[PDB]
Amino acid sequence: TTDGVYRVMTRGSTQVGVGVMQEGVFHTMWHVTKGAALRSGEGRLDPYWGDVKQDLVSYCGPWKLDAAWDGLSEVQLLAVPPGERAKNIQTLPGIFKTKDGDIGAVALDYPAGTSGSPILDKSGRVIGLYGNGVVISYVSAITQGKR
C-alpha cells in the first residue's frame, strides 16, 4: 500500500508493466492489466475505474493523479524496465496536437514492460504515465487521468 512505483508481473515470471501507488490507489495503463485483479503480497487489488480510450485504470479507489505538464519545462521518465533498477531519464517533451487540444509527449523508447512508468515534473508530481503512443521511433503520450 506504500506510495511508490511498482512492477506489474505475471506468472516463470515476466514483467508486463509498471504502475503508481498514491493515496492508497494503484494507477496503471489499461493495456497492461486489461482490468484484471492484482495481487499485492497476501492482499488483492480490484479495479475501481477504467477507460480504454484513455488507456488508464485505477485500483482500490478513484484516479488520484492530477498534475499536468507545464508545456515548457523538462520532465523525468521514472522508467522501471524489466530486470533493471528504477532509473530517471530527463527529457523535454514534444507535443501531440489533436483536435481536442495538445498533449505532452516523450520521444523515449523503452521495453514494453516499462508501460505504466510515471512521468514527473520538477516537484516530483506524476504528470502522466508512459506507454501509449505512435511511431514516426516510438513517441509516448504523457497520459494523465481526471481527478
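Heads up: residue numbers just count along the shown sequence, starting at 1.
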{"item": "Deposited but uncoordinated residues in the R11/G12 interval", "value": "1 to 3"}
{"item": "Deposited-sequence gap flanked by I136 and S137", "value": "1 to 3"}
{"item": "Higher-scoring stretch by recorded Cα B factor average, 111-119 or 35-43", "value": "35-43"}
{"item": "98-106 versus 48-56 - greater average Cα B-factor per the deposited record", "value": "98-106"}
{"item": "Candidate set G17, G131, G128, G124 [ranked by C-alpha B-factor, highest]", "value": "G124"}
{"item": "Third of chain Cα B-factors occupied by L72", "value": "highest"}
{"item": "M29, C-alpha B-factor rank within chain (lowest, middle or highest third)", "value": "lowest"}
